[PDB]
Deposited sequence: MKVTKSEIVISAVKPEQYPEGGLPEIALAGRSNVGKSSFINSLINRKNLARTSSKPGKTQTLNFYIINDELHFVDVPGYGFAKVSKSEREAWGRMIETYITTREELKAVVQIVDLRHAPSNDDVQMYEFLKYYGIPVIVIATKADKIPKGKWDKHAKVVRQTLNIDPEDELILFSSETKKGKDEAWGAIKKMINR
């Protein structure tokens, strides 16, 4: 997608705050510091659920990074409610881009998130980023580990990505498009 417009529209602490209009939504989730914000900025050339209007045709919905253990119990609880509410009630949601680090096996938190999404029948685009930190010759090895750890559904997608080199950008947009026009 040639992005000519992208800007935050709301930072929702509650579902009442979600934007109206009914445009398709693609939510993004991953471990804190995995490279989610870098992934977003790459695609568009640049305690709340943040909605970004893209080209006035869809919203990216950025979910606060998970797996950061130095968080209060109340914050973790709030995070859980927020995502559970969103995932289970949002009709506009077409897919979640789950971003993981290609360098290592996905974590227990990644697996939990993936299992949660599949439980609710949510289409997922798995992005394994930081690919540039691994020799090209090992990309397949590391991708196989990601695939087997999450046990990725064959209808989901696994795309290797790098915010450094923009590897995966076109493929990621292409997948978002398939998900939106399902």
Q: Mind pulling out the bits of the deposited sequence that never got modelled, as residue ranges from 1?
A: 47-59
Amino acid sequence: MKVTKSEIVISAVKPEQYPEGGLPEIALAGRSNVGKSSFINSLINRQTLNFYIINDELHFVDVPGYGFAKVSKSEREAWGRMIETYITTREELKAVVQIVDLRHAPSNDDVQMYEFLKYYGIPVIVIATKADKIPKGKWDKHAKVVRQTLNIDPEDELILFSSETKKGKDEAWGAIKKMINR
From here on, numbers count along this sequence of modelled residues.
Q. If you average the Cα B factors in the entry, which is higher, 5-13 or 157-165?
A. 5-13
Q: Tell me which of 48-56 and 138-146 has the higher mean C-alpha B-factor in the deposited entry.
A: 48-56
Q. Among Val71, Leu93, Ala105, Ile99, which residue carries the highest C-alpha B-factor recorded in the PDB entry?
A. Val71
Q: Within this chain's modelled residues, let me know which third the CA B factor of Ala78 belongs to: lowest, middle or highest.
A: lowest
(Q) Could you place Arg31 in the lowest, middle or highest third of its chain by Cα temperature factor, using the values in the record? (A) highest
Q | Modelled-residue ranking by C-alpha temperature factor, third containing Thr129 | A | lowest
